[PDB]
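# sequence and experimental coordinates follow.
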Amino acid sequence: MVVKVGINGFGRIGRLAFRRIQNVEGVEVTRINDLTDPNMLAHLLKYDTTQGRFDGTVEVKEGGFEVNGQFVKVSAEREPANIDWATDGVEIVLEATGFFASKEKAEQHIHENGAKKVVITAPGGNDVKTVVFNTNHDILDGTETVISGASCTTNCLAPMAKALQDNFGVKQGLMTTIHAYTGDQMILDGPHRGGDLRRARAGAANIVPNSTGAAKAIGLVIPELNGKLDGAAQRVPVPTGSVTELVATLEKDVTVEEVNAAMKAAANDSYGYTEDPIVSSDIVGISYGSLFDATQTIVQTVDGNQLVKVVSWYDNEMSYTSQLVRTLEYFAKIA
Amino acid sequence: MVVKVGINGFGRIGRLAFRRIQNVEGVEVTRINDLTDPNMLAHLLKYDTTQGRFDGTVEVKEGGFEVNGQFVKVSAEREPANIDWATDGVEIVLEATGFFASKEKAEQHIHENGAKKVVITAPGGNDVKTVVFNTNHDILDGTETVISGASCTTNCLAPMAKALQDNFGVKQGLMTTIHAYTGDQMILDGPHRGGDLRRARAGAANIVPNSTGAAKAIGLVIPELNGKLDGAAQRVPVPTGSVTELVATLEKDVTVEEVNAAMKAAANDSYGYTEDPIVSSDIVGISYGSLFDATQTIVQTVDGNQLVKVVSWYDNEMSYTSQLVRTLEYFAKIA
Amino acid sequence: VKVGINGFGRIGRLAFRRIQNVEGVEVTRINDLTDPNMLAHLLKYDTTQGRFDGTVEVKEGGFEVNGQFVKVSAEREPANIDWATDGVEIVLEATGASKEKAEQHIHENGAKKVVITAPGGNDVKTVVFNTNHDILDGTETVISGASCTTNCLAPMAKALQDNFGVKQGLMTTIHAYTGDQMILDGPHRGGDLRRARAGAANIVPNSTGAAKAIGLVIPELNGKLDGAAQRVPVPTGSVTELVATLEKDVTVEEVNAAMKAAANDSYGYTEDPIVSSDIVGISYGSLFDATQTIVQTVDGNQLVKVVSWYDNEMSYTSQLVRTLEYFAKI
Amino acid sequence: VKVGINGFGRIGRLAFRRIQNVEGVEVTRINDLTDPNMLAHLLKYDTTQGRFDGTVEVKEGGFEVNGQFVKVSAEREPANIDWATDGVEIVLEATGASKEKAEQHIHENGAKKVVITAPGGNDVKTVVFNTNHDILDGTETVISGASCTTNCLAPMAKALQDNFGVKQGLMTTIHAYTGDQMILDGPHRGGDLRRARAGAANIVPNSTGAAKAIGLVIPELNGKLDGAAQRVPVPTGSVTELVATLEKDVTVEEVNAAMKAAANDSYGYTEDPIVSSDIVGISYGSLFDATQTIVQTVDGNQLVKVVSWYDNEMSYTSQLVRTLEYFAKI
Ligand SMILES: [Mg+2]
Ligand SMILES: [Mg+2]
């Protein structure tokens, strides 16, 4: 009855998931798998530009890390079918490389002396349930092999959109995310894999429009909103920290006080509520998947018709990470 | 038949207006008035962080500047009633200090051996017509004393909103501007005049929500949209360059091609049209008041109802400056 | 040790934060002219130093911080604050009253010691904790905790002098931008043509004083050091380079070993190849970086380069608190 | 002078731009493996260097630039490009083939001279225009235009040597971040632990080579200079500080006057207190800043600090074009 976790892909998400797990009661990481030099991985675990110094000590040892006194095995196997997760008692694997984001690619972690459950850090395609914790994790019964923890933006959008739907009914809506730059943008103008003419531009020196998927795909999490939402992003020069705006039409007339009260009533460990006039640096490292900001709510009535704007913050890094760890722990406990 | 211009307030807007005027055929600045040390003003005219080096040479002389060989008188009088604009043949004054943004304060430039017309770089209050050039400058007949060149955001919003209105009819709409930080924000966290808890934060290190006025005040420029638009801003870490999004409902059903075609048909020297996937640095220093970006248009149809998103870029500095100079030249020529 | 803070700016607020985690020290009174609601918001939320560790509420006459009440007043003259009503022994003068005129805090029901957060002038001792705090005997009224740059430079320069003897040296600080720079190009009080420029969009040369004033802290180095700064677009976090000539021939290994031997709570030592974000919020006044040492030997002559990191905010703040606590106890 | 560009990266694109404004020079062929539509977009729109001055259209087999056709190919081996079909005399090799193996461009219907945009190795002369371009006689096949940092350092270091004699010196470049740094923390090819860090959110120490390699351009300074860099968050624009000892006693005024006397099209002189954004797009290879000079005299010994700005992009590009034109004419 301790959740032993394996991480495949020790990038930003995998490293932050490891950090977050150190502060969660019933979870621990007993194996890391990644092709990168362990000295590079240990250094990036110790020092994070936006998320601060590691809370403790990390040493490179033969075959892995010593982290806060405890040994963690680190391997460098290319294929999930060759990873002996069971040797370290791993029950559930966080698949966060980005290369196995499907059910038939990610299920390879489950084999003889492998793992028993898999959570992918991506939408994941067909036959893979998409879980935003505390919004729709009740769709898990335990029989699943591979599930998805959705995207970082989905984990921000979903509880806000669900509260609008549950209380007032959504007709349609357009999302605008004002988003930190990410690793798929160039640091200086140049060709990038995929050939997107905007991600080719210096991400820390520009406002960069970019496409999104969370709004169009919201139906995977909230079925009654399937096809009702669309959106786009503006990437801007902060290294993490983002904000999701939704402009929508509803089935009921509302006021600002009732919209804000509905969000406060929906608050929990995943969906926070604030009336403080915060800015993006204030949500770096938070453990909410989504933090509704009541100061930004607009209910615009013009000749009897209403447009409603609701806004939620998220650390696109740690907010998503905290939600992944909740889903990892819950999925592992329901077997 | 040369427009002799006086500038009161040699801040960013006044300096850029001077720069822009050097490249406009029938206009010239013969007097500058500002309380700042002329050596500071000359240095800031020569070197601009976002708008580049001055196109030519500037020298501090006794009583003013020598700019590209020609002498420009620079004085330091506190009150408009004490400025002898007529001594330098000044017909029209750009009032850009921010302290005389009303008709009874700005009309003091008009006195014996003063100026004859005034353009304020601000909304300006009652009894002051608000002019966005090439959107509503036909409301000027010549009898006016003091007029307003509107705000920088109004000059971006107005032609886009007018084209939606003229072609399709607007029911209502919500504006989001993703905006460069400005001089009313702190460089590092601290108390600021006015006590706004968000402008108190480090403007180049945060996404900062902020209130706007352009959408609510659009009726001063487009009367048939009075009260139909509202909005807000997200200030982000670029030093200039901004983008205005409008999400609206219309009186007619539309498609993306028809919205984009309507914008292209409305293009002129003030309102540009582009289908290139540009980013914010690409519009630094442009002379359009507004540059519609067809790549960002969304027409979302859900169960017969449409939400329409249209997006226009603007250099909140030089875009606004170029519009001010157009209005200055036109106002002066119609006497 | 009950502390009073005059001037709840960045330094004052961070000193309040740092004191919450140091035993035997607490702040019982804050004096500042700003609206307490603005002061409370900025204490709760800090762009570079993170959210406040705990709760802050505005109450009548002050704040409730983590359950404890803190008095907040807006008296404009130090002679008017009754520091003793709240048991305040020592005042952190951080408004920016840097004369021995900081002694107005010290009167009947006022404080009994004062620490200025700046160079303090002629008859004010300048203390960099764990470098020269032995010059305090306890009889002083007003002392100075030096500048943030001095607290970084001093232990590094002292270790060079104690081990090898410094002939002369030039400092280059690659420094975060600060509140004396404009956010966008424009006139600024004082009229410096370079601080008038957008501080987060430029490399901005700026003058310094820490190297020229080092004699106040290390007498043997008086008039031996000079330097300047390059302000660059990070909101906090800085690094001090010193190129020096010495009286002995040295090697990189020997210099690095001397630095490691001098390490303590104020002067840290690292061999990790870190960057500026990694020192945000540290409690060292100075963190020597052995990876950047250069000992260049040409025709028997040597130029020696030593480099130390500091959070120009929290490194300096931690040093102030150390000096506050120590001064109050003697 | 008809120029061929192999490698249409930042340096290649800016060289194309700069050539549009220099008479007697034009680019008639570009070779690069990237999609021409991506290359055309990046030529049109540049984050730091502004919009392209004119029009660019993708046509079959190349671009139409300001009415003139420019051939664009994607041949992966220099031996395969028929440079002479487009009248190309000299090739700017900017892909990053830095051996005398750049001579594969030179064959029957290929080019007849090559300039590498990097240090070129053993048997390749290294030219900084207006510092040592007299070492070219015309018989060379493959030459090097040195590095961007070298083109800044060289005229400043040469003027010190010619006027006063340099004993030794240490360089500190406060440098814009570059494309070899990560935008966010992560593994990078090569495994440098510091270039793995977010380049626009950090002060990042990094190694240099220009000072150690200065002998290739100024023989008298071989083995006399060393240095390092601090990468900081501006997208372009850099500044080079040199702390040196000299063979003569000097003063600030004398040093500044020597720098002014050495000024030309490559090496500029200013007394204006500028900042980094003010040198974006300049055509000087190096802009000496007299406001930052220090001459520190202690017990008869002197440390001399001289500082020069450069746009690590356009300063270097302008120098390459000068060397391209001059090499082609002799
Ligand atoms: Mg932090
Ligand atoms: Mg420019």
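Yes, it's here. Numbering: from 1, shown residues only, chains lettered A, B, ... in the order given. Ligands and ions are numbered 1, 2, ... in the order given.

# list the contacts for the closest residue to residue A:278 other than its chain neighbours?
Of all residues not flanking residue A:278 in the chain, residue C:45 sits nearest, at 6.1 Å (Cβ to Cβ, 6 or more residues apart in numbering or on different chains). Where you see a C-beta, it was placed from the backbone N, CA and C, and this is true even at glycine. Neighbouring residues of residue C:45 by Cβ atoms under 8 Å, 6 or more residues apart in numbering or on different chains: A:276, A:278, A:279, A:281, A:282, B:189, B:201, C:51, C:52.

# 7 Å instead?
Residue C:45 makes contacts with A:278, A:282, C:51, as judged by Cβ atoms under 7 Å, 6 or more residues apart in numbering or on different chains.

# rebuild the residues you listed as TSV, extending it with secondary structure.
Shown next, in TSV, are the contacts of residue C:45 (DSSP: H, G, I helix; E, B strand; the rest coil):
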residue	secondary structure
A:278	coil
A:282	helix
C:51	coil
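
# return the member of the residues you listed nearest to ligand 1.
Ligand 1 has its nearest neighbour among the contacts of residue C:45 in residue C:51, at 8.9 Å by Cβ to the ion.

# neighbours around the closest one, how many?
Residue C:51: 15 surrounding residues under other Cβ atoms under 10 Å in any protein chain shown.

# and it, what does it touch?
Shown in contact with residue C:51 (Cβ under 7 Å, 6+ apart): A:282, C:44, C:45.

# against chain B, how distant is it?
13 Å (Cβ to the nearest Cβ, to the nearest Å).

# just to revisit the earlier point, a markdown table for the contacts of residue C:45, including distance to ligand 1?
Output for the contacts of residue C:45, formatted as a markdown table (distance: Cβ to the ion, whole Å):
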| residue | distance to ligand 1 |
| --- | --- |
| A:278 | 15 |
| A:282 | 11 |
| C:51 | 9 |
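
# for the one residue in chain A that gets nearest to ligand 2, phi and psi?
Nearest residue of chain A to ligand 2 (Cβ to the ion) works out as residue A:205 at 11.6 Å. When read as degrees, to the nearest 10, the backbone of residue A:205 gives phi -120, psi 10.

# and which of the contacts of residue C:45 is nearest chain D?
residue A:282 (17.0 Å; Cβ to the nearest Cβ).

# quickly list the domain ranges of chain A.
What curated CATH domains lists as the domains of chain A is A:1-150+A:317-335, A:151-316.

# first-to-last residue distance for the first one?
When you say that, I think you mean domain A:1-150+A:317-335. This stretch, domain A:1-150+A:317-335, spans 11 Å end to end (Cα to Cα, to the nearest Å).

# just how off-centre is it within its chain?
Averaged C-alpha coordinates place domain A:1-150+A:317-335 at 13 Å from its chain's average position (Cα atoms, centre = their mean, to the nearest Å).

# hey, C-alpha coordinates of stretch A:46-65 in PDB?
Listed next in PDB are the C-alpha coordinates belonging to stretch A:46-65 (Å, rounded to 0.1, in the frame of the first residue of the first chain):
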ATOM      1  CA  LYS A  46      18.900  19.900  -8.900                       C
ATOM      2  CA  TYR A  47      18.500  23.200 -10.700                       C
ATOM      3  CA  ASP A  48      15.300  24.400 -12.400                       C
ATOM      4  CA  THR A  49      15.200  27.800 -13.900                       C
ATOM      5  CA  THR A  50      11.500  28.400 -13.000                       C
ATOM      6  CA  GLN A  51      10.700  25.900 -10.300                       C
ATOM      7  CA  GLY A  52      13.700  26.600  -8.000                       C
ATOM      8  CA  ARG A  53      16.400  24.400  -6.400                       C
ATOM      9  CA  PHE A  54      15.600  20.800  -5.600                       C
ATOM     10  CA  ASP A  55      14.300  20.400  -2.000                       C
ATOM     11  CA  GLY A  56      17.100  18.300  -0.800                       C
ATOM     12  CA  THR A  57      20.200  16.600  -2.200                       C
ATOM     13  CA  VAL A  58      20.900  14.600  -5.400                       C
ATOM     14  CA  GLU A  59      24.000  12.600  -6.100                       C
ATOM     15  CA  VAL A  60      24.900  10.500  -9.100                       C
ATOM     16  CA  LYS A  61      25.600   6.900  -8.100                       C
ATOM     17  CA  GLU A  62      26.500   3.800 -10.000                       C
ATOM     18  CA  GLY A  63      23.300   2.900 -11.800                       C
ATOM     19  CA  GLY A  64      21.100   5.800 -10.700                       C
ATOM     20  CA  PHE A  65      20.700   8.600  -8.200                       C
END
